[PDB]
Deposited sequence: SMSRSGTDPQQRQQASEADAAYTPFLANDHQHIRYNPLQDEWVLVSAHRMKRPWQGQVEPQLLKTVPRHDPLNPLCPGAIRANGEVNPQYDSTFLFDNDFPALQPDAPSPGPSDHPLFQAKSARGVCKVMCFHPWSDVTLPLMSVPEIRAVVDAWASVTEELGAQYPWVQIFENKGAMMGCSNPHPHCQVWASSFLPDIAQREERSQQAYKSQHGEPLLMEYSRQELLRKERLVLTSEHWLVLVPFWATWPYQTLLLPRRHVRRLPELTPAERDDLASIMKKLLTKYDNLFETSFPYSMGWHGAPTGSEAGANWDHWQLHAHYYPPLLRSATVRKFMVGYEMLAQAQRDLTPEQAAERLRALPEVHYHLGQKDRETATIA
């Protein structure tokens, strides 16, 4: 193999998983006309409705929980209402009925911890809870979407460590795109798309970030956010509950290392959105889904410092995604960072 060189002022790269192209402008500079107060988080606040013992907006009191805690969102985007007909059927005005369940999942009872500061056993409890909620809601819904939205820069105003889980009657757009691409690849090549992608990136080396006995982390060839990563198991695994105890402990360990590297990059608590994608569940869960491979995406906004971010606007809203930093530059910088968390 040969490295992918930065020998042009612009080229385009393909995302085969979601079927889109990215414009890459290597070595492009910036000369902005003008440039672009963190109060300490108490360990317990009785007025924070994610804390043990606190009152929520529906009037219920949280228990004195030990590790994770799951509850129904009091302001939910989806609710388990009775089936009903589709409210509109004209070619240009198409609408369908929908239903679902939205949960909040606290990671830990203390508000002043984040995942990279938690111990490996504390993170294993999070992994076990992710598997449990996927089993439970997947019995009734074809798509269960676990996601974490971390930091004020992502619009998250409550600093307590947590994620959300939205299960839906419909397969969302991105899940449909990943179903189509993975199915077509397996029919043509006889192997799952992301198993072959893992094999090739291990041989090419230059986009790897971390490797462990059971997992790897890399910056995808087609990444759109500056320090975006992809996390996936080395074994062929369709859904999160299939992970063995050893695979779950190793996932907790490699997540701790990745998220500590992310905090060390600009010596700040690193914001992002992330989530998990696995084979659809629901009434067709027993069908053939061998084309699927479980994986997680991380989409972080920071670009050059704790204050200098990427804005996905303008040409990226009217035409297609664009980046300056190459994926090979990003991965090189991430590999070099220590796994010991910085201290002020």
Deposited sequence positions missing from the model - stretches, numbered from 1, in order: 1-21, 58-61, 370-380
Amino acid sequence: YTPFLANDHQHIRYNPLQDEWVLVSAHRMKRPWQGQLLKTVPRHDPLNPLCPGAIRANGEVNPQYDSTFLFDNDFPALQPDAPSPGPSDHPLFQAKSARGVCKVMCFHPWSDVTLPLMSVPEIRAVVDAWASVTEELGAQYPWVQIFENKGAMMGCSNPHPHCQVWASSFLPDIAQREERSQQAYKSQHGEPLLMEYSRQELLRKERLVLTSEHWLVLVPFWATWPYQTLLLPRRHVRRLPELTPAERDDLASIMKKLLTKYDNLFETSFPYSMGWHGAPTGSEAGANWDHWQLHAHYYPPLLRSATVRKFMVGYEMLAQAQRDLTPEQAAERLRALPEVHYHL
From here on, numbers count along this sequence of modelled residues.
Greater mean Cα temperature factor according to the PDB record, 128-136 or 185-193: 185-193
Mean Cα B-factor comparison, 81-89 or 139-147, giving the higher one as deposited: 81-89
Selection from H9, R13, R333, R323 [criterion: highest C-alpha temperature factor in the record]: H9
Among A279, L47, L70, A296 - the residue whose C-alpha B-factor is largest in the record: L47
CA B-factor placement of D250, once the chain's modelled residues are sorted into thirds: middle
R234 CA temperature factor, ranked by third within the chain: middle
Record-listed C-alpha B factor of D263: chain third: lowest
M274, C-alpha B-factor rank within chain (lowest, middle or highest third): lowest
CA B-factor placement of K103, once the chain's modelled residues are sorted into thirds: middle
